[PDB]
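Each remark here refers to the structure printed beneath this line.
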Amino acid sequence: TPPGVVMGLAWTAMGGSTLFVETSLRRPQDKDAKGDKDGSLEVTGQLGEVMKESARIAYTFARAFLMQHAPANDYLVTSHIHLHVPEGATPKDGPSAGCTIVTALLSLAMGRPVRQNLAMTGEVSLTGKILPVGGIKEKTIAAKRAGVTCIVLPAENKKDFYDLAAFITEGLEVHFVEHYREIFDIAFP
Amino acid sequence: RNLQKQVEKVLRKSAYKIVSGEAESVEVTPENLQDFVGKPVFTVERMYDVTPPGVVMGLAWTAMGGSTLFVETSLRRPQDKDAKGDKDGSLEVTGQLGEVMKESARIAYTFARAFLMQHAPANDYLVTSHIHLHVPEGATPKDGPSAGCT
């Protein structure tokens with residue numbers, strides 16, 4: 001999964017899935033070296049508008065996190081970026097993958113890949129407040145066959161993860177979280 | 001309702017422990033409860049302690065009882081790209097707003113920057129800095145505007 005591409009879980013109406021997510025720069029960086037102009041997103045992936053807003057709010061939270069984090073870098077403020085969300089999630093579970101995008105853009109910023117074969121899901125709110133998500137079972141069995149090493153899950157959901165049949169959980173490392181900054185503290189030691 | 005069920009499960013597993021279990025008398029206790037209902041569902045009491053800049057608890061009368069939505073907003077862009085260039089920093093409200101909320105939020109922003117100069121002329125942070133805004137969905141269509149005070 002080189003930079004700007006990541007696998008992603010989805011709770012399909014039939015079983016789980018690990019659809020990927022992709023992001024890319026969309027225009028030359030230096031059309032105007034001084035130009036003060038938005039690095040506008042252009043999302044795609046047969047999104048319903050309920051998603052199309054959510055990608056945007058996530059976008060704003062990413063750009064906020066980044067500007068809070070790395071003042072010298074100005075990448076994200078100014079360059080067009082196209083983004084793809086492959087079909088497959090059951091719609092009620094669609095927003096749940098928002099964080100992966102939030103992480104994708106960051107990888108596209110640093111140009112440094114995530115820790116490998118690190119599936120992750122869970123809804124997020126605008127200050128990185130991870131929220132509990134359902135369907136841990138199907139997501140787990142899908143990941144088990146996907147080479148996953150280190151799932152990260154809502155800190156409010158661990159019990160449900162611990163309600164699953166024993167042999168399933170063997171192997172993979174897990175992490176529980178509330179603030180997204182933790183995830184950013186995992187992927188980049 | 002949901003507590004009704006969540007009791008029925010307790011009594012039911014308690015029956016199973018009688019007809020074949022060892023103790024003749026269940027004496028449920030808060031600590032004993034795991035055996036009968038398992039691990040907790042709700043652990044965070046409120047969603048979280050307020051983030052100082054951009055949240056205020058907002059009560060709302062959704063279809064099934066009231067709820068304390070948070071509302072989250074953020075500066076949408078660097079503030080000092082142009083200390084002199086003069087363009088408004090508009091909101092982008094979201095959250096599957098109803099049209100009345102559209103009008104409501106527009107009024108709120110304009111009154112907001114009207115207030116900021118009304119009382120703190122030297123400050124200009126809101127009149128000339130970008131803003132994303134997000135009212136959560138959930139509110140009854142009629143009460144949507146009632147969040148506007150927050």
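Chain identifiers are assigned as A, B, and so on, following the order in which chains appear in the structure tokens; residues are numbered from 1 within each chain, and ligands are numbered from 1 in order of appearance.
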
*Any idea which chain B residues end up within 12 Å of chain A if we count only C-alpha atoms, as a PyMOL selection string please?*
chain B and resi 34+38-45+47-55+70-82+85+91-97+130-137

Selected residues written out, C-alpha atoms, as a PDB file, in the first residue's frame:
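Contents of the output file part.pdb:
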ATOM      1  CA  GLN B  34     -22.142  -9.649  34.488  1.00  0.00           C
ATOM      2  CA  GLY B  38     -22.621  -9.388  30.293  1.00  0.00           C
ATOM      3  CA  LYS B  39     -20.384  -6.418  29.870  1.00  0.00           C
ATOM      4  CA  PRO B  40     -21.488  -2.735  29.654  1.00  0.00           C
ATOM      5  CA  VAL B  41     -23.055  -1.048  26.669  1.00  0.00           C
ATOM      6  CA  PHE B  42     -22.794   2.624  27.716  1.00  0.00           C
ATOM      7  CA  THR B  43     -19.560   3.806  29.385  1.00  0.00           C
ATOM      8  CA  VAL B  44     -19.042   7.460  28.426  1.00  0.00           C
ATOM      9  CA  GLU B  45     -21.592   9.487  30.342  1.00  0.00           C
ATOM     10  CA  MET B  47     -19.911  12.477  24.737  1.00  0.00           C
ATOM     11  CA  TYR B  48     -16.896  14.238  26.272  1.00  0.00           C
ATOM     12  CA  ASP B  49     -15.694  17.288  28.167  1.00  0.00           C
ATOM     13  CA  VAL B  50     -16.127  20.467  26.102  1.00  0.00           C
ATOM     14  CA  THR B  51     -13.371  21.391  23.723  1.00  0.00           C
ATOM     15  CA  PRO B  52     -12.820  25.063  24.742  1.00  0.00           C
ATOM     16  CA  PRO B  53     -13.056  26.752  21.293  1.00  0.00           C
ATOM     17  CA  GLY B  54     -15.850  25.174  19.336  1.00  0.00           C
ATOM     18  CA  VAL B  55     -18.588  23.285  21.179  1.00  0.00           C
ATOM     19  CA  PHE B  70     -22.663  19.127  20.356  1.00  0.00           C
ATOM     20  CA  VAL B  71     -21.952  21.503  17.513  1.00  0.00           C
ATOM     21  CA  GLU B  72     -18.545  21.696  15.951  1.00  0.00           C
ATOM     22  CA  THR B  73     -16.997  24.357  13.809  1.00  0.00           C
ATOM     23  CA  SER B  74     -13.505  25.211  12.775  1.00  0.00           C
ATOM     24  CA  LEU B  75     -11.403  27.762  11.037  1.00  0.00           C
ATOM     25  CA  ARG B  76     -11.491  26.658   7.431  1.00  0.00           C
ATOM     26  CA  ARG B  77      -8.202  28.108   6.176  1.00  0.00           C
ATOM     27  CA  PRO B  78      -5.039  29.929   7.334  1.00  0.00           C
ATOM     28  CA  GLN B  79      -5.937  33.294   8.755  1.00  0.00           C
ATOM     29  CA  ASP B  80      -3.140  35.612   7.545  1.00  0.00           C
ATOM     30  CA  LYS B  81      -2.641  34.677   3.892  1.00  0.00           C
ATOM     31  CA  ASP B  82      -3.601  38.311   3.162  1.00  0.00           C
ATOM     32  CA  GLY B  85      -6.614  41.505   0.769  1.00  0.00           C
ATOM     33  CA  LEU B  91     -19.264  29.602   6.878  1.00  0.00           C
ATOM     34  CA  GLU B  92     -20.007  26.236   5.453  1.00  0.00           C
ATOM     35  CA  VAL B  93     -22.849  24.820   7.479  1.00  0.00           C
ATOM     36  CA  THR B  94     -23.537  21.114   7.041  1.00  0.00           C
ATOM     37  CA  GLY B  95     -25.427  18.351   8.795  1.00  0.00           C
ATOM     38  CA  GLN B  96     -28.389  17.771   6.446  1.00  0.00           C
ATOM     39  CA  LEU B  97     -29.761  21.142   7.391  1.00  0.00           C
ATOM     40  CA  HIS B 130     -12.932  31.199   7.108  1.00  0.00           C
ATOM     41  CA  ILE B 131     -15.338  28.922   8.975  1.00  0.00           C
ATOM     42  CA  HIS B 132     -16.748  25.453   8.616  1.00  0.00           C
ATOM     43  CA  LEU B 133     -19.816  24.733  10.758  1.00  0.00           C
ATOM     44  CA  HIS B 134     -21.740  21.518  11.483  1.00  0.00           C
ATOM     45  CA  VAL B 135     -25.128  21.336  13.175  1.00  0.00           C
ATOM     46  CA  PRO B 136     -25.734  17.604  13.877  1.00  0.00           C
ATOM     47  CA  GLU B 137     -28.757  16.060  12.263  1.00  0.00           C
TER      48      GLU B 137
END

_Option closest in space to residue 16 in chain B, from B:2, B:83, B:30, B:36 [counting only C-alpha atoms]_ = B:36

*DSSP-assigned helix (DSSP H, G or I) among chain B, expressed as a ChimeraX atom specification*: /B:2-19,34-37,99-119,144-149

*How far is it from CA of residue 179 in chain A to CA of residue 56 in chain B, in Å with one decimal?*
18.7 Å

*Which neighbours of residue 11 in chain B fall inside 12 Å, counting only C-alpha atoms, when residues of the same chain fewer than 3 positions from it are skipped, and could you give them as a ChimeraX atom specification?*
/B:4-8,14-18,26-28,33,36-37

*For CA of residue 128 in chain B and CA of residue 111 in chain B, determine how far apart the two atoms are, in Å to one decimal place.*
14.3 Å

*Non-local contacts of residue 83 in chain A (10 Å; only C-alpha atoms; under 6 positions in same chain excluded) as a VMD selection string*: chain A and resid 4 21 to 26 41 to 45 55 101 104 to 105

File dump, residues just selected, N, CA, C and O atoms, as a PDB file, in the first residue's frame:
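Okay, this is what ended up in selection_21.pdb:
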ATOM      1  N   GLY A   4      -0.555   7.176  -0.124  1.00  0.00           N
ATOM      2  CA  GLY A   4      -1.805   7.631  -0.679  1.00  0.00           C
ATOM      3  C   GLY A   4      -2.704   6.524  -1.181  1.00  0.00           C
ATOM      4  O   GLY A   4      -3.483   6.739  -2.115  1.00  0.00           O
ATOM      5  N   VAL A  21      -8.972   2.546  -0.543  1.00  0.00           N
ATOM      6  CA  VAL A  21      -9.277   3.961  -0.700  1.00  0.00           C
ATOM      7  C   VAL A  21      -8.041   4.668  -1.208  1.00  0.00           C
ATOM      8  O   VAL A  21      -6.920   4.387  -0.766  1.00  0.00           O
ATOM      9  N   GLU A  22      -8.259   5.601  -2.131  1.00  0.00           N
ATOM     10  CA  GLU A  22      -7.204   6.183  -2.925  1.00  0.00           C
ATOM     11  C   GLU A  22      -7.417   7.674  -2.951  1.00  0.00           C
ATOM     12  O   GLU A  22      -8.549   8.160  -2.953  1.00  0.00           O
ATOM     13  N   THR A  23      -6.310   8.375  -3.118  1.00  0.00           N
ATOM     14  CA  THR A  23      -6.270   9.818  -3.034  1.00  0.00           C
ATOM     15  C   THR A  23      -5.132  10.253  -3.933  1.00  0.00           C
ATOM     16  O   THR A  23      -4.161   9.513  -4.098  1.00  0.00           O
ATOM     17  N   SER A  24      -5.251  11.424  -4.545  1.00  0.00           N
ATOM     18  CA  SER A  24      -4.123  11.884  -5.331  1.00  0.00           C
ATOM     19  C   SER A  24      -4.194  13.372  -5.544  1.00  0.00           C
ATOM     20  O   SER A  24      -5.267  13.966  -5.522  1.00  0.00           O
ATOM     21  N   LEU A  25      -3.023  13.948  -5.763  1.00  0.00           N
ATOM     22  CA  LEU A  25      -2.940  15.331  -6.163  1.00  0.00           C
ATOM     23  C   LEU A  25      -3.622  15.453  -7.502  1.00  0.00           C
ATOM     24  O   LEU A  25      -3.630  14.499  -8.280  1.00  0.00           O
ATOM     25  N   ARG A  26      -4.192  16.625  -7.780  1.00  0.00           N
ATOM     26  CA  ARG A  26      -4.987  16.767  -8.984  1.00  0.00           C
ATOM     27  C   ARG A  26      -4.563  17.921  -9.870  1.00  0.00           C
ATOM     28  O   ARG A  26      -5.035  17.972 -11.007  1.00  0.00           O
ATOM     29  N   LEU A  41     -10.695  19.617  -2.583  1.00  0.00           N
ATOM     30  CA  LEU A  41     -10.980  18.224  -2.819  1.00  0.00           C
ATOM     31  C   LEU A  41     -11.990  18.062  -3.943  1.00  0.00           C
ATOM     32  O   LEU A  41     -12.770  18.963  -4.256  1.00  0.00           O
ATOM     33  N   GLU A  42     -11.947  16.894  -4.560  1.00  0.00           N
ATOM     34  CA  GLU A  42     -12.967  16.466  -5.510  1.00  0.00           C
ATOM     35  C   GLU A  42     -13.164  14.987  -5.196  1.00  0.00           C
ATOM     36  O   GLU A  42     -12.398  14.127  -5.646  1.00  0.00           O
ATOM     37  N   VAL A  43     -14.123  14.717  -4.328  1.00  0.00           N
ATOM     38  CA  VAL A  43     -14.407  13.349  -3.925  1.00  0.00           C
ATOM     39  C   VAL A  43     -15.223  12.643  -5.000  1.00  0.00           C
ATOM     40  O   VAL A  43     -15.983  13.254  -5.757  1.00  0.00           O
ATOM     41  N   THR A  44     -15.045  11.328  -5.049  1.00  0.00           N
ATOM     42  CA  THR A  44     -15.733  10.371  -5.902  1.00  0.00           C
ATOM     43  C   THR A  44     -15.802   9.030  -5.200  1.00  0.00           C
ATOM     44  O   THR A  44     -15.129   8.803  -4.198  1.00  0.00           O
ATOM     45  N   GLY A  45     -16.647   8.154  -5.741  1.00  0.00           N
ATOM     46  CA  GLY A  45     -16.955   6.854  -5.179  1.00  0.00           C
ATOM     47  C   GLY A  45     -18.418   6.521  -5.010  1.00  0.00           C
ATOM     48  O   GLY A  45     -18.793   5.686  -4.182  1.00  0.00           O
ATOM     49  N   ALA A  55     -17.340  13.650   3.903  1.00  0.00           N
ATOM     50  CA  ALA A  55     -15.984  13.753   3.402  1.00  0.00           C
ATOM     51  C   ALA A  55     -15.456  15.162   3.552  1.00  0.00           C
ATOM     52  O   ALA A  55     -14.297  15.374   3.907  1.00  0.00           O
ATOM     53  N   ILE A 101      -9.891   7.978   5.440  1.00  0.00           N
ATOM     54  CA  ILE A 101      -9.625   9.084   4.555  1.00  0.00           C
ATOM     55  C   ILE A 101      -8.795  10.072   5.307  1.00  0.00           C
ATOM     56  O   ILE A 101      -7.810  10.598   4.788  1.00  0.00           O
ATOM     57  N   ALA A 104      -5.544   8.901   5.143  1.00  0.00           N
ATOM     58  CA  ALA A 104      -5.003   8.875   3.788  1.00  0.00           C
ATOM     59  C   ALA A 104      -4.367  10.199   3.422  1.00  0.00           C
ATOM     60  O   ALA A 104      -3.216  10.246   2.968  1.00  0.00           O
ATOM     61  N   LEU A 105      -5.073  11.283   3.712  1.00  0.00           N
ATOM     62  CA  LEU A 105      -4.570  12.603   3.377  1.00  0.00           C
ATOM     63  C   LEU A 105      -3.289  12.880   4.115  1.00  0.00           C
ATOM     64  O   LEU A 105      -2.325  13.405   3.540  1.00  0.00           O
TER      65      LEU A 105
END

*asked:* Here is a test: counting only C-alpha atoms, which residue of A:189, A:171, A:71, A:8 is nearest to residue 98 in chain A?
replied: A:8

*Would you mind listing what lies within 8 Å of residue 149 in chain A as a ChimeraX atom specification, with only C-alpha atoms counted and same-chain residues fewer than 3 positions away left out?*
/A:116-119,171-173
